[PDB]
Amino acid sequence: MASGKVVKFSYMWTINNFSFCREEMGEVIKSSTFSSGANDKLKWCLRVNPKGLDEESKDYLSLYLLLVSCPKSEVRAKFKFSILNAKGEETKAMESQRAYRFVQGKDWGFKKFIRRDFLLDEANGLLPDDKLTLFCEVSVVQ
């Protein structure tokens, strides 16, 4: 009897050609699925809205962590989203400070994660070669 699992992990997502993206307000980009947890059965993805979700967030990129599937009724997890700048460092980090309750099909995240004009201003180095690199660190409650 020994058992183990991945309880905390960071997913690096790069969106190529961020400018020439076809999505407008309220339209989504889903990342590929990534696994964690007992038996590799927690299935997660990221959901971004490049030009915001709604009226309150029209000037922003919206960023969410989605629990696609899980075996029990819930997963309690903390999360943190950040951006990889051109000098290779993590910036603009925001965390959920406590754990959030995830069910299969439920997401949690930041409707106003960052201003599009900040992101598009090339004195911030956040879009080198027009590639947007996002980081999501997820920490699952045991």
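So that there is no doubt, residue numbering starts at 1 and follows the sequence shown.
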{"query": "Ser82 dropped from a third or more of the other entries of this protein", "finding": "no"}
{"query": "Missing-residue flag, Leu67, threshold a third of other entries", "finding": "no"}
{"query": "Stretch with the higher entry mean CA B-factor, where the candidates are 82-90 and 57-65", "finding": "82-90"}
{"query": "Of 126-134 and 18-26, the one with larger mean CA B-factor", "finding": "18-26"}
{"query": "C-alpha B-factor winner, where the candidates are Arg47, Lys51, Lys106, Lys41", "finding": "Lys51"}
{"query": "Third of the chain, ranked by Cα B-factor, where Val140 sits", "finding": "lowest"}
{"query": "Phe9, C-alpha B-factor rank within chain (lowest, middle or highest third)", "finding": "lowest"}
